[PDB]
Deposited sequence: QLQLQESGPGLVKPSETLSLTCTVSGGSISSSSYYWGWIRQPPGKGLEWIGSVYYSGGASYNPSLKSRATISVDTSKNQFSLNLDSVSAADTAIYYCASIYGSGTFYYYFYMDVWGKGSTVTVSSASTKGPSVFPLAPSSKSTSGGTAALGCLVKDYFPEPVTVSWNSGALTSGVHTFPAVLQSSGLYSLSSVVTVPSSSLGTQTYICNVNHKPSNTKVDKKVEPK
């Protein structure tokens, strides 16, 4: 089926330009029944539609963002893009691309049927910083985990055994430390019997810093 994927930097300096690209697969962007939109969600807040584009180039915008927002389409690469100028901290958000299905004869009716996974963008003067990854060592159920400390900006992703271990996994929300850097822990519970015989590895990815770390967690 139709699938959308956002891409672009997660960090943008103040007053500079935010750029994102949505890649469409499982269908052509040149469908006459579809429009292509961007919607954002600031942390802890609701959804805000930014604008939409038709495959032939026609665009429509949220009036409160029209002066800064530009949405274009590249039919060749099956992509559409968002440019948002003169950003400030108020533009820090998760940005989703979405397909808009339209139908009707006497009236254009719309709904958003397919969404991307969203791209986290942070407006900041600070430079990216990759996390340090430390084991949380276990001492019939045992808990073990990994501490992902001092990174910026969000997000990081954590996997266990390259995705082989998913049961009983809790990856906590990042906390903002007093240092102004983020930290989180990912934990998992396993049979205590397996400790020292089975190997557990956390896979940590922090895209903005191009950090990819695999940390083995050993007992005691």
Requested in this report: Please list, in sequence order, every stretch of the deposited sequence that lacks C-alpha coordinates.
Outcome: 140-145
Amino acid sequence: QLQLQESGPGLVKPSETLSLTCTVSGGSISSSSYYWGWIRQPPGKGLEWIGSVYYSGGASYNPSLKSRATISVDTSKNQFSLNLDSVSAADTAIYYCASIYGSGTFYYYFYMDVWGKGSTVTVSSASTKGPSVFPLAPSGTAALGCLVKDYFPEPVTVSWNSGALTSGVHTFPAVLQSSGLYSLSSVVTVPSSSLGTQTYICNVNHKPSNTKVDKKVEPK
From here on, numbers count along this sequence of modelled residues.
Query raised in the report: Would 179-187 or 62-70 have the larger average of its C-alpha temperature factors, as given in the entry?
Result: 62-70
Report summary line: Avg C-alpha B-factor, entry values, 94-102 vs 129-137, higher side is 129-137
**Report entry** Residue with maximal Cα B-factor (values as given in the PDB entry) among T171, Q41, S167, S52
**Finding:** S167
**Report entry** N78 by Cα B-factor - lowest, middle or highest third of the modelled chain
**Finding:** highest
Query raised in the report: So where's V204 on the chain's Cα temperature factor ranking, which third?
Result: middle
Query raised in the report: Once the chain's modelled residues are ordered by C-alpha B factor and cut into thirds, is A142 in the lowest, middle or highest one?
Result: middle
Report summary line: Quick tally, chain-level thirds of C-alpha B-factors: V123 sits in the lowest
Report summary line: Chain thirds by Cα B factor, record data; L84 belongs to the middle
